[PDB]
Amino acid sequence: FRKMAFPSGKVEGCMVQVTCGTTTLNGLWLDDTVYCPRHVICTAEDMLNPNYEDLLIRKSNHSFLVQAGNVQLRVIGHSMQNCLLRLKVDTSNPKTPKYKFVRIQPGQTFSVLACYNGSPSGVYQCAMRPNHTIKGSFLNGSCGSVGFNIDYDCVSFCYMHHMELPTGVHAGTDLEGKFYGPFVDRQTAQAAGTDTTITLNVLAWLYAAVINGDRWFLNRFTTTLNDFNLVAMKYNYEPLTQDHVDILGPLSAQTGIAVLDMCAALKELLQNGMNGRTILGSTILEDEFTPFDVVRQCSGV
Amino acid sequence: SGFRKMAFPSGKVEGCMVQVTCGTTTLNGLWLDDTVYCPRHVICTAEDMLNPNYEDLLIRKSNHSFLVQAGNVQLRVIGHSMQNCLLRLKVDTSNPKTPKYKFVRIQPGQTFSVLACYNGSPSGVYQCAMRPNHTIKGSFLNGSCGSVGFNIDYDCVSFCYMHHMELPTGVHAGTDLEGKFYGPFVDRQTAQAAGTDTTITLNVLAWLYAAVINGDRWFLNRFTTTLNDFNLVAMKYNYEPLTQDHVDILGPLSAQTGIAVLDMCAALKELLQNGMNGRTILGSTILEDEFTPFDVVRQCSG
Numbered sequence: 003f004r005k006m007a008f009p010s011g012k013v014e015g016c017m018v019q020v021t022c023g024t025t026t027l028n029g030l031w032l033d034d035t036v037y038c039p040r041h042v043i044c045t046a047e048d049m050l051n052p053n054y055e056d057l058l059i060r061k062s063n064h065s066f067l068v069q070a071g072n073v074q075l076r077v078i079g080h081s082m083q084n085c086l087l088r089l090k091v092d093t094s095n096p097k098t099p100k101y102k103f104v105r106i107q108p109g110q111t112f113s114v115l116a117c118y119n120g121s122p123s124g125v126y127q128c129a130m131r132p133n134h135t136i137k138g139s140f141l142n143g144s145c146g147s148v149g150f151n152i153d154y155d156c157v158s159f160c161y162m163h164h165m166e167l168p169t170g171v172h173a174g175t176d177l178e179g180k181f182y183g184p185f186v187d188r189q190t191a192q193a194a195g196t197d198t199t200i201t202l203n204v205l206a207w208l209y210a211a212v213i214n215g216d217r218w219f220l221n222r223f224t225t226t227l228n229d230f231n232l233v234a235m236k237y238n239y240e241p242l243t244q245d246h247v248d249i250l251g252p253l254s255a256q257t258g259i260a261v262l263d264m265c266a267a268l269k270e271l272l273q274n275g276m277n278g279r280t281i282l283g284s285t286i287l288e289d290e291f292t293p294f295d296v297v298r299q300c301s302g303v
Numbered sequence: 001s002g003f004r005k006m007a008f009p010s011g012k013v014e015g016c017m018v019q020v021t022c023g024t025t026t027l028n029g030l031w032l033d034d035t036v037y038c039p040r041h042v043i044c045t046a047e048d049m050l051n052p053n054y055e056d057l058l059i060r061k062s063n064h065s066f067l068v069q070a071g072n073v074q075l076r077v078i079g080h081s082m083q084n085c086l087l088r089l090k091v092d093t094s095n096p097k098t099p100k101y102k103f104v105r106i107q108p109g110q111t112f113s114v115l116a117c118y119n120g121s122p123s124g125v126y127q128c129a130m131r132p133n134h135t136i137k138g139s140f141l142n143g144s145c146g147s148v149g150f151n152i153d154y155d156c157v158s159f160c161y162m163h164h165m166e167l168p169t170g171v172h173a174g175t176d177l178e179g180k181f182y183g184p185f186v187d188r189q190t191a192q193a194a195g196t197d198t199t200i201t202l203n204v205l206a207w208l209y210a211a212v213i214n215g216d217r218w219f220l221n222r223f224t225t226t227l228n229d230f231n232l233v234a235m236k237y238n239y240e241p242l243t244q245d246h247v248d249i250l251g252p253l254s255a256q257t258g259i260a261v262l263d264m265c266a267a268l269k270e271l272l273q274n275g276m277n278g279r280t281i282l283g284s285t286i287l288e289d290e291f292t293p294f295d296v297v298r299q300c301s302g
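In order, the protein sequences belong to chains A and B.
For the deposited numbering, count along the first sequence from 1 and bump the result up by 2.
Quick note: the second sequence, position 99, residue 99 per the deposited numbering, numbers continuous.
What follows is the structure in structure tokens.
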């Protein structure tokens, strides 16, 4: 059961390279606006304690060079929106797909189109961690790469990369320039807090297993929500809330397995392990597939 | 930082996918310039698939027998022909989204990206490796007949695989873009034994190098080994024999890291003999074999 990324073409046609002085990163070109991390105007030293409004004042439209493939896009306006720099260009992107900007919740997944200087390099699937960071792969020059989900013909952009954290983990913002987590675009001592396993997703994944005929772990018992959390939280799992139970409703109905009964199976797996067995071919409980990813991938259409 | 299984951006291939229908059978086709490529078994009903004679089946069709659609728009077929296990359909219009491309046949162990499609529409992309036994793992190849596998070098798409069959016993089988099957499989719905599979040693060693350039290093040790002695151990764990050619391939990664290939083989030998003791590497609890040395150099350098 592979984790798949969404087809990246629609986002590929929106990536450009933005350069301010000696700094270069990626930008997202939708209609006549290019969005990129505001720190593109910062040098490393400015990162110590930047006065963005002040730094942006000393910049003019000509301060930004925007390249779309072999084409230089003329910048005719700039401004800041939270942690994002917005650059108006004289040409509306002919490849602009139907889109939306959305702020994702911890635990939810999305695809990331890793780019290097405006040029798409690879695509992978990942999840927003409960601690608000993402475990990804961003080499030199990937800042500005974006995360997204596609629904039908609509691209829902939900993430833009800004920083690498001491852990080698990453931090960034939604497309309104608002950081996920307490993080900030400047050099501070900030670090990711302890993370937990995304219980909602592990349960989703166990439903996926059952849907695919791998069900040796099911049992004849059930559990109270509170009794489940009492055990699971001991194994560093996120507490399961009533809202999470409701979110698993469709999967519960499709399989005829009440959520608390699936919780009893999970409790047993955590307390007794798998005993050499595997689930969906895995020897480990997967936590980066959401209930929606399962429905999407098992109900295809 | 971080290390993820990464697929190539799929847009260049998305712009080439179409739907091909014959009678009541529909699957995906690849449209480049004025030609559409698809599995020849598009001409077969499920019953034909029990023991088809493609010659016989094909001579019974005409250009009008094929309905190809790009989205909801029909592309008129003006010619057809069979090339090994592929059906080639000439259409009256050219695909302006055709990228610079090449058709290549890869060797077992190599990786590529597959754009899973259904009825000619892009569904998802994933990275995989051609197993030593020529099958490919991925419950996701189900119903995606005609979906293709590829790698991208700069602006050039190197197509290397077309999905054809679901192998009763799991895994899927397919062909290169010349219509030649990978493996001892055939274009027919019969039980076909998939040879024994092995772990791709060359790739595991590349992945351990990845862990080292990424700061993992607990698995290293002070020993070394001869290639010969390494194989005597690895081959007991169902690992592919390692050759000097494979060791030479690891040279660059060895140069980076400053860890000799055979010393890394010595680390692996220990890993196979004493398991990982609950510890992890690059976040995984098992030795990963679907990243080639090239993949590693690509994701770890630039």
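Where a beta carbon is used, it is the ideal one built from N, C-alpha and C, also for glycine.
Outcome for residue i when other beta-carbon atoms lying within 10 angstroms are tallied against a minimum of 16
i: B/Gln299; result: buried
i: A/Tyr118; result: buried
i: A/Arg131; result: buried
i: A/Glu290; result: buried
i: A/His172; result: buried
i: A/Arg105; result: exposed
i: B/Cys145; result: buried
i: B/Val36; result: buried
i: A/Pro293; result: buried
i: B/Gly29; result: buried
i: B/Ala70; result: buried
i: B/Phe223; result: exposed
i: A/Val303; result: exposed
i: A/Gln19; result: buried
i: B/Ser94; result: exposed
i: A/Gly149; result: buried
i: B/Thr135; result: buried
i: B/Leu250; result: buried
i: A/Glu55; result: exposed
i: B/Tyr161; result: buried
i: B/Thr198; result: buried
Contacts that residue i makes with chain A (C-beta to C-beta distance below 9 angstroms)
i: B/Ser254; result: Correct list: empty, because the minimum Cβ distance to chain A is about 20 angstroms.
Extent of the continuous alpha helix (DSSP H) to which residue i belongs
i: B/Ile249; result: 244-249
i: B/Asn203; result: 201-213
i: B/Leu58; result: 54-59
Neighbour list for residue i in chain C, Cβ cutoff strictly below 9 angstroms
i: B/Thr285; result: Among the chains of the structure shown, chain C does not appear; the protein chains present are A and B.
Close Cβ partners of residue i (< 8 angstroms) along its chain, the five nearest in sequence each way excluded
i: A/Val296; result: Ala206, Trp207, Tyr209, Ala210, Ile213, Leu253
i: A/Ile78; result: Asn63, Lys90, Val91, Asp92
i: A/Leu242; result: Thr201, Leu202, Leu205, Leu227, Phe230, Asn231, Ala234, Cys265
Enclosing beta strand (DSSP E) for residue i [first to last residue]
i: A/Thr226; result: Segment: none, A/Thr226 is in no beta strand (DSSP E) and carries neither H nor E.
i: A/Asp263; result: It is not in any beta strand (DSSP E) - A/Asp263 instead sits in the alpha helix (DSSP H) that spans 261-274.
i: B/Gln74; result: 73-75
i: A/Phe294; result: Careful: A/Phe294 lies outside any beta strand (DSSP E), inside the alpha helix (DSSP H) at 293-300.
i: A/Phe66; result: 66-70
i: A/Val148; result: 148-153
i: A/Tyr126; result: 121-129
i: A/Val36; result: 35-39
Proximal chain A residues relative to residue i, where beta-carbon distance stays under 7 angstroms
i: B/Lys100; result: Chain A residues near B/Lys100: none, gap ~14 angstroms exceeds 7 angstroms.
i: B/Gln299; result: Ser139
Partners in chain A for residue i, counting only beta-carbon separations shorter than 8 angstroms
i: B/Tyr126; result: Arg4, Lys5, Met6, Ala7
i: B/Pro122; result: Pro9, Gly11
i: B/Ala194; result: In chain order: nothing, as chain A lies at least about 16 angstroms away.
i: B/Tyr161; result: Going along chain A, no residue has its Cβ under 8 angstroms from B/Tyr161, so there is no contact; the nearest lies around 15 angstroms.
Beta-carbon contacts of residue i that lie in its chain and below 7 angstroms, excluding the five residues immediately before and after
i: A/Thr257; result: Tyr209, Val212, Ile213
i: A/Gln127; result: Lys5, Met6, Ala7, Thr111, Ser113
i: B/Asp48; result: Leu57
i: B/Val13; result: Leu115, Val148, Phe150, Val157
i: B/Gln189; result: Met49, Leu50
i: A/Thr225; result: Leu262, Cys265, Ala266, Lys269
Closer than 7 angstroms at the beta carbon, the chain B residues around residue i
i: A/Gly79; result: What A/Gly79 touches in chain B: nothing, since even the nearest Cβ is about 29 angstroms away.
Residues near residue i by beta carbon distance below 6 angstroms, same chain, minus five either side
i: A/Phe181; result: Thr175
i: A/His41; result: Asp187
i: B/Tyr237; result: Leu272
Go through the region 5-32 of chain A residue by residue and report every complete run of the beta strand (DSSP E) that reaches 3 residues or more, in order.
17-22, 25-32
Just list the alpha helix (DSSP H) runs in the region 83-112 of chain B, keeping only unbroken ones of 4 residues or longer that don't cross its boundaries, in chain order.
none
Which runs of the beta strand (DSSP E) at least 3 residues long sit entirely within the region 158-191 of chain A? Give them in chain order.
171-175
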